[PDB]
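Here the structure comes first, spelled out in structure tokens, and everything after it is commentary.
Positions of Cβ are generated from backbone atoms using ideal geometry, with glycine treated the same way; all protein chains shown enter the neighbour counts. Taken together, the values in this text are just the output of simple stated rules run on the coordinates, not laboratory data.
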Amino acid sequence: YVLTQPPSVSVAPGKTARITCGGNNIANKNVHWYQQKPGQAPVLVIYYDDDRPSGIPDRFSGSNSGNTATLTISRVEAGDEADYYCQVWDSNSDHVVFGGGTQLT
Amino acid sequence: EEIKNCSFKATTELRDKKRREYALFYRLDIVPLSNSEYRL
Amino acid sequence: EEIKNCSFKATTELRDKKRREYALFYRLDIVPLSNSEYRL
Amino acid sequence: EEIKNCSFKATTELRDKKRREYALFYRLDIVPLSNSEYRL
Amino acid sequence: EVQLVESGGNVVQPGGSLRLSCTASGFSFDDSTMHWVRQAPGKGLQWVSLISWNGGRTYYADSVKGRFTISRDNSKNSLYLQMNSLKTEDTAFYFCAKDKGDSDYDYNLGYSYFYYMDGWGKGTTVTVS
Ligand SMILES: *[C@@H]1O[C@H](CO)[C@@H](O)[C@H](O)[C@H]1NC(C)=O
Ligand SMILES: *[C@@H]1O[C@H](CO)[C@@H](O)[C@H](O)[C@H]1NC(C)=O
Ligand SMILES: *[C@@H]1O[C@H](CO)[C@@H](O)[C@H](O)[C@H]1NC(C)=O
């Protein structure tokens, strides 16, 4: 069981980012997104595809249906110039797999 | 402070999966658990 | 596809722990969830 | 070696939440899994 | 607000062993499960190991199941992950991350444990040879 994240994405300031965490039949599994900044440890931003933790910028939402798990961003700003990773727990294969990330402009 | 609309995270099948459903309950039906948290 | 062989995760003497066990079912006994996954 | 005091957790008021609890059981009431582990 | 601190990384050689100490505070380990991942440069995340409060649900990833062991104790509230038989393609920054440990219970299905990291440590270092 593996993920199929895009290799890179370019979103200029003021636009919306459509990052996707590809996965076969991912609608049957929860997806948790992370921000992997360079020089410091990652911080969880989304869990269960709808909830949201404290101490987070507002308007961070994600959608998980069908064969693709999509993360939604608005008013993109340079502070979020890092890589995004999505985590999924699998019991049939009995292991946790992380995607390859996606570079941001 | 009479009608409350919200959803509860419960699973029907797919043991390692969680999906929410929205239901409406009266204020007196649900008591506070603590902010913005309630319980049957 | 007269008979299908496969396994599932089931509870054991300890409720928290779980084990994997294999069993045989007829094709018409089970139905496909969608690839390679089925339910009774 | 006659009465054992120890901790565990099980169901609580809310299914999602957990609570660690302690109780005393007689030596012959429980049986070891194997070290410092037991069950009813 | 919780903090995780790790120390003990230094130069290593293939076939050797290293002792890694990872203490933390702010959340009790009695009902907390610790994870382990590594971040090689230019690559994605990789799962390393998992551990429960005492035992069971200590599952390991497929590629790192050889002779890797993880142990926990309650007396001093710390964790270890000793490196053994280091390969030439397993060098990266190993990260230990806290887990919420949410669960669920249905009379028919039974206990189901969900896993997703909540807190993360500063990070360790590894250098083969
Ligand atoms: C089903 O089990 C087989 C082991 O024989 C494995 O190769 C396969 O990936 C499993 N399928 C899924 C969807 O996990
Ligand atoms: C029994 O074990 C518990 C561990 O949960 C401990 O807190 C307690 O002090 C022990 N003794 C008694 C009399 O409960
Ligand atoms: C059992 O509980 C005691 C309580 O102090 C703890 O020290 C011990 O580590 C627990 N068992 C195991 C195998 O860790």
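Below is a table of values for the structure above.
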| item | result |
| --- | --- |
| Kirkwood Rh, Cα atoms: Rg over Rh of the protein assembly as shown | 0.98 |
| Fully extended contour minus Cα-Cα distance, from E:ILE70 to E:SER21, at 0.36 nm per residue | 16.5 nm |
| Cross-link pairs beyond the 28 Å C-alpha cut-off, checked among B:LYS4/C:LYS17; B:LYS17/C:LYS18; A:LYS29/D:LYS17; B:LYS9/C:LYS9; B:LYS18/E:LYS87 | B:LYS4/C:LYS17; B:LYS18/E:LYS87 |
| Set of the range B:1-15 residues, backbone N closer than 15 Å to the point 7 Å along the Cα-Cβ line of B:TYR38 | B:1-9 |
| Residue with peak Gaussian network fluctuation, chain A [Cα springs, cutoff 10 Å], from A:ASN30, A:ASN92, A:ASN67 | A:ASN92 |
| For C:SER7, inter-copy label distances in nm, listed shortest first [label point 7 Å out on the Cα-Cβ vector] | 3.5, 3.6 |
| Highest-fluctuation residue, E:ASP99, E:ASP90, E:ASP62 considered, GNM on chain E with Cα pairs under 10 Å | E:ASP62 |
| Taking the C-alpha atoms of chain E, convex hull volume expressed per residue in Å³ | 121 Å³ |
| Cα centroid of the range E:24-40 to Cα centroid of the range A:34-105, whole Å | 20 Å |
| Residue of E:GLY110, E:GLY26, E:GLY119 that the Gaussian network model of chain E assigns the largest fluctuation, springs spanning Cα pairs under 10 Å | E:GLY110 |
| Using alpha carbons only: equivalent-ellipsoid semi-axes of chain C, gyration tensor based, whole Å | 24, 11, 8 |
| Candidate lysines - alpha carbon under 16 Å from E:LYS43, same-chain residues fewer than 8 apart omitted | A:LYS37 |
| Under the Karplus curve 6.51 cos²θ - 1.76 cosθ + 1.60, θ = phi - 60°, whole-Hz ³J(HN,Hα) for the range C:14-22, x wherever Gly or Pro sits | 7, 5, 5, 6, 9, 10, 9, 9, 9 |
| Label 7 Å beyond Cα on the Cβ vector: B:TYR22 copy-to-copy distances, nm | 4.7, 4.8 |
